[PDB]
């Protein structure tokens, strides 16, 4: 039942038959060996992913699929803050609405239409058996029903324990099963007492039952354009990524440039960082937040380039109240934060930590 649907999604996930030229599957870009992200080097390094055609690059970094099933459906809460959904800009309501978009996206899997997807599913006797036992006979002959069913299976697969095991060192320490090291505890303490927890914690107060280190909200943290990735994307140097404002139905100009707060689980192994993969190193990502707090000349400098960070892509709706905390992270606290964020790595990805 629920097991069968997930198992069907497991098949679909690693199947290149869902791309136009059968060169890529979900797993090509969301690689289980790299916490469901993309290990492949393209024109902009690992910042953006190459699609089915071997040429086309995206404009956004491929995020982990781990723990994405814990995100609530897109909505506007009582304070008028948008929460949840999927994609960096929340343009998809949930995992089901999300699944079909990569399939039909010409810069991604590049299937021309739902009819084409159905045709490919129809070619597989194991999919005829699998789908029909769950959705009824003839399901794969209807493009709309087949496409929706495939989206359903992938969403179910993403919701299994394998995508969200909660077996990181952090989870073990919270179960009283072991202890943080001195450096790790300092990092945790810095995290909960500094500005980080205002966005990278599920709740404002109290204890979350299944913490994923994101409040699912939308924020503009003032990142600059990723030059090489933007070039590779082919979108043009006049293009502006407006984040949440890009979602159909969002018209409020205050949402321009805001992106979904990522979950920090597995963060140590899913570099490069941010919506456009501009920063290769985790420490660099942490150090970016100093630019709003530190008065030292080095804080204006991206350590990866040795040049100023760059002006924000979108110079409005910046989360200045949260970002301008009045306290700079020294190197020791940066070390501490790195060490803490490393404890959010799933058990199976601990060998990747070197």
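Positions refer to the first chain, counted from 1.
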Going by the mean C-alpha B-factor recorded in the entry, which is higher: 90 to 98 or 127 to 135? 127 to 135
Can you let me know which of the two, 164 to 172 or 259 to 267, has the higher average C-alpha B-factor in the entry? 164 to 172
In terms of recorded Cα temperature factor, pick the maximum from 155, 207, 274, 244. 207
Could you place residue 216 in the lowest, middle or highest third of its chain by Cα temperature factor, using the values in the record? lowest
Taking the C-alpha B-factors as the PDB entry records them, is residue 294 in the lowest, middle or highest third of its chain? highest
Lowest, middle or highest third: which one holds residue 43 when the chain's residues are ordered by CA B-factor from the entry? highest
Lowest, middle or highest third: where is residue 315 by C-alpha B factor in its chain? middle
Using only modelled residues of the chain, where does the Cα B factor of residue 52 rank: lowest third, middle third or highest third? middle
